[PDB]
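Student: my complex, part one, positions kept as in the full thing:
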Amino acid sequence: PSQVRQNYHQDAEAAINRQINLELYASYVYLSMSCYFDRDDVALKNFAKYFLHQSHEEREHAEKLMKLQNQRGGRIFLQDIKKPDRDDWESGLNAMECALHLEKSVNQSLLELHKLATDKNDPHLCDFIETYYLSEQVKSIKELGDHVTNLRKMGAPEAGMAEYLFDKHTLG
Amino acid sequence: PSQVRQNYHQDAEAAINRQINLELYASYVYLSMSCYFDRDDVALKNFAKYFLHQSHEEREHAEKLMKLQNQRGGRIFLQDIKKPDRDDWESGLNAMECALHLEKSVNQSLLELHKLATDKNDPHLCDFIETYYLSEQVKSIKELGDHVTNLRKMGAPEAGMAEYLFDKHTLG
Amino acid sequence: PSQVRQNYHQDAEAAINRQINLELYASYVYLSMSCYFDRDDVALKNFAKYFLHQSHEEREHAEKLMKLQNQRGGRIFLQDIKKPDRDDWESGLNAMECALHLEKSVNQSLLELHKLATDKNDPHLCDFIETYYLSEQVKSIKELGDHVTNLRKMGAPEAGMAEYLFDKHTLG
Amino acid sequence: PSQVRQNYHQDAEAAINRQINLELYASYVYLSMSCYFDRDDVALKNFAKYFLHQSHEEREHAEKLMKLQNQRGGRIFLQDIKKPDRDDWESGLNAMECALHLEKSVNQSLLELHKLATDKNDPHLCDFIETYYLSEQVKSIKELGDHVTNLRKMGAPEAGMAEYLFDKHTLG
Amino acid sequence: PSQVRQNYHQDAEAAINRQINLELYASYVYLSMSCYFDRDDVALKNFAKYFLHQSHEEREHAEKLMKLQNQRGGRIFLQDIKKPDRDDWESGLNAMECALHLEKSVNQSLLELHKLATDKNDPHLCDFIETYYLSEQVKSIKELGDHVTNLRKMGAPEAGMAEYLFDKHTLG
């Protein structure tokens, strides 16, 4: 084992590698969404900026897990980053709804990771997940839920001004 | 076609999508290298920082191509980002040599993209590639070649102090 | 020939003179649009400001071509600047759509100029066009396409608040 | 009629449209002169700058008339901007003499516009012309007359140093 | 081949070496001219300063080509820098005329280099030449043409005050 490794179960190391991939995947999904909103036929710059920021955030999340993996003496094993499920994200509302789904999926994975950490009596990993991931996820989910709610209430996407004005006032 | 599209051949659009993937792939390779140097049994923080910066740069390169694709009215089609060929990059020198190979490969792809742009009489794309990609690549290749040279001359990796001191003095 | 003239084909000189006229024409079209939005019965001040700025930009484009013509030892031959096709531009959306058409037309002329420059092996002129004109055009076309998209989505011009709010939020 | 229109005779509206065209024409003439002085075989940069500034000033004059037309509820009708009478302006002195002629012509048109405004009992228009146009014209005419005088006295254009030194000392 | 070399034809490498020599030669010619104007029997300090600056600029041009050669993995091969054709440059006008000839000659060489780069499908080199050399040359040629024009118009060199005053007002 790594000279630093202590109380770091192989199952945790594997789960962290999986989580890294998921974070990178989420980054890629958000990048896809950002690019969609930059299309000339979509042209919602603040949706684009929002999702680009999310993409960058997810990359940071992945990098922080990579740092954790090395800190604990695990070994990072990267996997392909799968392309997002869609190229065309349909609408600001649909993208926000998909983002919410993605964030909940990531959260579910983090909760499973936390359960694993607890099961393996790895409090450092538990704490790491709780501290840096779970609160962030809850905040993200709430924010996306709020965005979805607002867009839906505003009549998006059928109401043409809804996404535009949400783009300006909420995302701008 | 997109309302903005003008003089943008489908072959160029496809080539740009391929280049986006290659840039994202290069980003991922450099991320892999960065993580390797952050291993406790490698522990070259400035190599890690160097490659992380390269990873971020490659992502920026990809994002700029995505912006180009949308600016020209092409449509971004993302593909899986393949995992890097290696998890273990062996040494600072070997990583720099692999980086040089990667950069030359990316450069070759950009040169092919430029040839395509010239062939399709797409001077905007030609100019974009020349302006933002080809000079950057040449600079990157030269810098990596310089690093490789220096590491080799210093006796890396067999000479234990070579990578350490290169990490401090060239990359620090 | 002019003492400075070198590698500057008469066909290029002529094409540049034509481009100057086209830029001045575009300036005039945008001035027409600006004035339209300043009508009391239209009263979209930020559309007016947008198009006035475009008018000024096009004049700058023309002046830069005039500077090029003299720099290369060609001789500027001015022609009448034709009045714009319309006095009444109908709506913010219609003006933006017409602007997009105009910009694409100007771009097409620049692409033809670039082809001529390449054909005459005039790399200075090629570079000048690429550097100062083609990227600007692509950006302009994309921006107008984005504006058109947004106005259309917002329901312009039938939806009374669309142009108003676009005027405030996008153009203000 | 326009909801704002009050005491604005159709003849005034027409005269203003004519004046707009004349100002734009004057702008174009001065642009032509500026370009001439930027020729490598003329190369009087401060003459070029002087006339370019005049061109910009005339454009501003036209824009201010357009603003007036809209303020009064008239409708701007643009016409072709005729090319200047000359491509080659011969000399700094000849250009200044032609500028003086042009300015006097513009002044004459403004005086006719003022007479029309007085005839139609349009004191706002009278005041506008007096305030923003007639004093400017007199100043411009005097300045050009002064320049012509000085250039003539200096021996322009036959005395080779005259235009050069006038360019440096009066226009620089 | 050099580890960095990619898409860099030997003919380009040779042409770059030739261009380096030509730039160094031009530097030397301008140094010769500068020294001439510093003679007590010529004593035009701003002509001297002008040409000295040009000499330094040409050296920078040569150094930038040397940097390019190394960046692309070519090898610099220096040749003798031939002495200038003249020790005595006769007059400010004659020097400016000779400078114009030299600049056009350098430009012609750069155009040939660009043609070679295009022929060898070396867009990096093409871009480098266009970006850093061809626009600079056109500007230089125009500036020298302007100087020649002005000196000729002022009556140089027979008119004793022409060079003196040009030295003060244009070059000072």
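Tutor: Alright, I've got the coordinates. Residues are numbered from 1 along each chain as shown, chains lettered A, B, ... in the order given.

Student: in chain A, what residue comes closest to chain D?
Tutor: residue A:161 (27.1 Å; Cβ to the nearest Cβ). In short, each C-beta sits where N, CA and C put it, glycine included.

Student: look up phi and psi at that residue.
Tutor: With angles defined as degrees, to the nearest 10, residue A:161 sits at phi -80, psi -10.

Student: ok, it - contacts?
Tutor: A:154, C:154, C:155, C:159, C:161, C:162, C:165 (Cβ atoms under 8 Å, 6 or more residues apart in numbering or on different chains).

Student: mind redoing it with 7 Å?
Tutor: C:154, C:155, C:161, C:162, C:165 (Cβ atoms under 7 Å, 6 or more residues apart in numbering or on different chains).

Student: how about residue A:169?
Tutor: With Cβ under 7 Å, 6+ apart, residue A:169 has no contacts at all.

Student: again, but for residue A:89
Tutor: A:33, A:36, A:95, A:98 are the contacts of residue A:89 under Cβ under 7 Å, 6+ apart.

Student: hmm, 8 Å instead?
Tutor: Contacts of residue A:89 (Cβ under 8 Å, 6+ apart): A:32, A:33, A:36, A:37, A:95, A:98.

Student: ok, which pair from the residues you listed is furthest apart?
Tutor: A:37 and A:98 (12.5 Å; Cβ to Cβ).

Student: which one of those two is surrounded by more residues?
Tutor: Neighbour totals were compared for residue A:37 and residue A:98, and residue A:37 leads with 25 against 21 (other Cβ atoms under 10 Å in any protein chain shown).

Student: from residue A:22, how far out is that one?
Tutor: 23 Å (Cβ to Cβ, to the nearest Å).

Student: what's the answer for residue A:54, then?
Tutor: Distance from residue A:54 to residue A:22, by Cβ to Cβ: 14 Å.

Student: please check the contacts of residue A:161 and keep the buried ones.
Tutor: With burial judged by 16 or more other Cβ atoms under 10 Å in any protein chain shown, the buried subset of the contacts of residue A:161 is C:154, C:155, C:162, C:165.

Student: neighbours around residue A:19, how many?
Tutor: 22.

Student: buried residues, stretch A:58-77. List them.
Tutor: A:58-59, A:61-63, A:65-66, A:68-70, A:72-77.

Student: picking that back up, and which of the contacts of residue A:161 is nearest to residue B:102?
Tutor: residue C:154 (45.4 Å).

Student: tell me which parts of chain A are close to chain B?
Tutor: Within reach of chain B by Cβ under 8 Å from any Cβ of the partner chain, chain A has these residues: A:2-4, A:24, A:28, A:31-32, A:35-36, A:38-41, A:52, A:59, A:63, A:66-67, A:69-70, A:73, A:75-84, A:87.

Student: put chain F onto that model:
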Amino acid sequence: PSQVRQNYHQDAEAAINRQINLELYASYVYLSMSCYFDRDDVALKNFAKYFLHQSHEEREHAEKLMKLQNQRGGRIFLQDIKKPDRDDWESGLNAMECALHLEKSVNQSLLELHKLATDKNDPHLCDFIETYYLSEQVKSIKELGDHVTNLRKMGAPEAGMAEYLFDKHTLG
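Tutor: Next up, chain F placed on what we already have:
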């Protein structure tokens, strides 16, 4: 003779012209060395910078002699600047050793020039040489000797880290 010439022997004027050429030659040699260290397979940036600075210094030395020649009413006669003896300078140590040889050669020439000045009872020239050249040379020779010593002691060039570390610590 020149109106300023006083106590300036033709032999001194000739010797100064020879010295100018030698300084320009030394400049060129150092430029050659600088370029060598910028090769990707050498890649010692601070050696490159060191020699480039020396090249610039030698050019300044030449220019100062040119100024002297004109100040004394001699006439500068330039000669070809011969290419350096080598394209490949082998190593940092070998370049420093060659630089030392070159500097000693230049010093020897300056000493001969001083002897000539003393022989011709030209104290201004003697003083000029002593003041601006001889102390500089001694300093340069000592500095290069120190560099050679250090590189030799460090085990250059066989000891791979020697040039690297000297580049960083002494030249950086």
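
Student: once more on the contacts of residue A:89, this time with chain F?
Tutor: By Cβ under 8 Å, 6+ apart, the neighbours of residue A:89 are A:32, A:33, A:36, A:37, A:95, A:98.

Student: and the helix or strand hosting residue A:116, what does it pack onto?
Tutor: For residue A:116, the host element (DSSP states H and E) is helix A:92-119. For helix A:92-119, the packing partners by 3 or more Cβ pairs under 8 Å, 6 or more residues apart in numbering or on different chains; DSSP states H and E come out as helix A:10-37, helix A:45-71, helix A:123-129, helix A:135-154, helix A:160-169.

Student: ok, now how distant is the closest residue to chain F within chain A from residue F:24?
Tutor: Relative to chain F, the nearest point of chain A is residue A:3 (27.1 Å; Cβ to the nearest Cβ). From residue A:3 across to residue F:24, the span is 61 Å (Cβ to Cβ).

Student: again with residue A:148
Tutor: 74 Å.

Student: looking only at neighbour counts, state which of the two leads.
Tutor: Between residue A:148 and residue F:24, residue F:24 has the larger neighbour count (other Cβ under 10 Å), namely 25 against 20.

Student: ok, back up a step: and the residue of chain A closest to chain F, how many neighbours?
Tutor: 8.

Student: please apply the same query to residue A:28.
Tutor: 21.

Student: thought it was touching residue A:84?
Tutor: Yes: between residue A:28 and residue A:84 there is a contact under Cβ atoms under 8 Å: 6.0 Å.

Student: mutual contacts of those two, please.
Tutor: Joint contacts of residue A:28 and residue A:84 (Cβ under 8 Å, 6+ apart) are residue B:78.

Student: quick one on the thing from earlier: could I get the helices and strands packed on helix A:92-119 as TSV with distance to residue C:132?
Tutor: Compiled in TSV, the helices and strands packed on helix A:92-119 are given as follows (distance: least, Cβ to Cβ, whole Å):
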stretch	distance to residue C:132
helix A:10-37	28
helix A:45-71	25
helix A:123-129	52
helix A:135-154	41
helix A:160-169	32
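
Student: quick one: closest of these to residue A:112.
Tutor: When the helices and strands packed on helix A:92-119 are ranked by proximity to residue A:112 (Cβ to Cβ), helix A:10-37 comes first, at 7.5 Å.

Student: mind giving me the packing neighbours of the closest one?
Tutor: Looks like helix A:10-37 contacts helix A:45-71, helix A:92-119, helix B:45-71 (3+ Cβ pairs under 8 Å, 6+ apart).

Student: let me know the angle separating the last one from helix A:10-37.
Tutor: It refers to helix B:45-71. With axes from the mean of the first three to the mean of the last three Cα atoms, to 10 degrees defining the directions, helix B:45-71 sits at 30 degrees from helix A:10-37.

Student: kind regards, and thank you for your time.
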